[PDB]
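**Student:** One structure, as structure tokens, below. Some questions next.
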Amino acid sequence: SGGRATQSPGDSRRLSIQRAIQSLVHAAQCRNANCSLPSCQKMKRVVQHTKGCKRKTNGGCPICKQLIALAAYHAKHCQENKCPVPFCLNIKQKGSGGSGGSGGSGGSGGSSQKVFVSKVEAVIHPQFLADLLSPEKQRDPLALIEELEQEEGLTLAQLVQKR
Ligand SMILES: [Zn+2]
Ligand SMILES: [Zn+2]
Ligand SMILES: [Zn+2]
């Protein structure tokens with residue numbers, strides 16, 4: 001009757017995905033000016049990126065990929081067709097798939113963004129997730145982002161060529 005979750009290194013970072021996803025939903029429908037929360041302000045930036053973006057799904061910007069990842073992962077745990085979450089909407093119209101995600105409640109995340117099924121999660125780069133969750137102020141996701149697209153050249157590409 002549900003359940004069935006194991007706390008892998010991935011789980012913890014998928015939980016950071018789900019946690020940034022919790023952020024996502026919030027900034028997606030936050031219209032309270034009195035609210036100036038850390039995860040909210042940083043995500044207000046990251047969300048506003050998703051809309052004012054052009055290289056969105058072209059694969060250039062890291063955000064929109066990890067945001068269609070968040071919004072998708074989120075969309076799996078979402079039952080709203082008229083959702084506030086941006087890419088959740090286009091998920092229901094384009095990104096069709098099953099349910100699931102993670103939920104083992106692990107806290108020992110690690111480099112597991114290769115072995116896993118990279119169907120949803122493109123360049124989520126949990127550091128970005130972590131920074132949203134961080135009470136710190138000048139710890140912006142979009143700052144990480146430009147860093148992330150730089151590091152998008154490293155790993156997976158590492159020793160990938162073969163015969
Ligand atoms: Zn807010
Ligand atoms: Zn973008
Ligand atoms: Zn949604």
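Identifiers for the structure tokens are assigned positionally: chains receive A, B, ... in sequence, residues are indexed from 1 per chain, and ligands are indexed from 1 in the order shown.
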Please list as a list in words every residue within 12 Å of residue 31 of chain A, counting only C-alpha atoms and excluding residues in the same chain fewer than 3 positions away.
**Tutor:** residues 25, 26, 27, 28, 34, 35, 36, 40, 41, 44 and 84 of chain A
**Student:** What does the file look like for those residues with N, CA and C atoms, as a short mmCIF file (atom, residue, chain, number, x, y, z; two decimals), in the first residue's frame?
**Tutor:**
```
data_model
loop_
_atom_site.label_atom_id
_atom_site.label_comp_id
_atom_site.auth_asym_id
_atom_site.auth_seq_id
_atom_site.Cartn_x
_atom_site.Cartn_y
_atom_site.Cartn_z
N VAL A 25 7.08 24.99 -6.15
CA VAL A 25 5.64 25.20 -5.96
C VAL A 25 5.38 26.53 -5.26
N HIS A 26 6.17 26.80 -4.23
CA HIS A 26 6.01 28.01 -3.45
C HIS A 26 6.18 29.26 -4.30
N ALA A 27 7.33 29.42 -4.95
CA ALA A 27 7.60 30.62 -5.72
C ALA A 27 6.70 30.71 -6.93
N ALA A 28 6.15 29.57 -7.31
CA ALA A 28 5.26 29.50 -8.45
C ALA A 28 3.92 30.16 -8.15
N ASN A 34 4.78 40.51 1.44
CA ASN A 34 5.31 40.47 2.79
C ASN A 34 6.29 39.31 2.96
N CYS A 35 6.19 38.32 2.09
CA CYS A 35 7.09 37.18 2.14
C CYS A 35 8.39 37.51 1.42
N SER A 36 9.49 37.38 2.13
CA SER A 36 10.80 37.60 1.56
C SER A 36 11.74 36.51 2.06
N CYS A 40 12.53 31.58 -1.18
CA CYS A 40 11.53 32.20 -2.03
C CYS A 40 12.17 33.25 -2.95
N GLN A 41 13.02 34.09 -2.38
CA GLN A 41 13.62 35.18 -3.14
C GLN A 41 14.58 34.65 -4.20
N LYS A 44 12.42 33.04 -6.74
CA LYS A 44 11.72 34.05 -7.52
C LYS A 44 12.60 34.45 -8.69
N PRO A 84 0.37 26.14 -10.54
CA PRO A 84 1.20 27.35 -10.58
C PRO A 84 2.62 27.07 -11.08
#
```
**Student:** Throw together the list of residues within 8 Å of ligand 2, counting only C-alpha atoms and all ligand atoms, and drop it here as a VMD selection string.
**Tutor:** chain A and resid 49 to 57 60 to 65
**Student:** The selected residues should be written to file as an mmCIF file, in the first residue's frame (atoms: C-alpha atoms).
**Tutor:**
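Saved as out-v5.cif:
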```cif
data_model
loop_
_atom_site.group_PDB
_atom_site.id
_atom_site.type_symbol
_atom_site.label_atom_id
_atom_site.label_comp_id
_atom_site.auth_asym_id
_atom_site.auth_seq_id
_atom_site.Cartn_x
_atom_site.Cartn_y
_atom_site.Cartn_z
ATOM 1 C CA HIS A 49 14.503 32.963 -15.354
ATOM 2 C CA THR A 50 12.332 30.105 -16.653
ATOM 3 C CA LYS A 51 9.915 32.603 -18.195
ATOM 4 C CA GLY A 52 12.252 35.269 -19.544
ATOM 5 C CA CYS A 53 14.437 32.603 -21.034
ATOM 6 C CA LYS A 54 14.891 31.681 -24.714
ATOM 7 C CA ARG A 55 17.575 28.942 -24.677
ATOM 8 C CA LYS A 56 15.145 27.323 -22.195
ATOM 9 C CA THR A 57 14.692 23.851 -23.665
ATOM 10 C CA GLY A 60 21.854 25.943 -23.178
ATOM 11 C CA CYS A 61 20.789 27.281 -19.806
ATOM 12 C CA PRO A 62 21.097 24.784 -16.918
ATOM 13 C CA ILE A 63 18.060 26.193 -15.080
ATOM 14 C CA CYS A 64 15.253 25.338 -17.442
ATOM 15 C CA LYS A 65 16.569 21.757 -17.770
#
```
**Student:** Which residues are near ligand 3 - at most 8 Å, using only C-alpha atoms and all ligand atoms? Format: as a list in words.
**Tutor:**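 Written in the requested form, the residues are residues 25, 71, 74, 75, 77, 78, 79, 80, 81, 82, 83, 84, 85, 86, 88 and 89 of chain A.
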**Student:** Which of segment 10-113 of chain A end up as alpha helix (DSSP H) when DSSP is run on this backbone - answer as a PyMOL selection string?
**Tutor:** chain A and resi 10-29+38-52+62-76+86-93
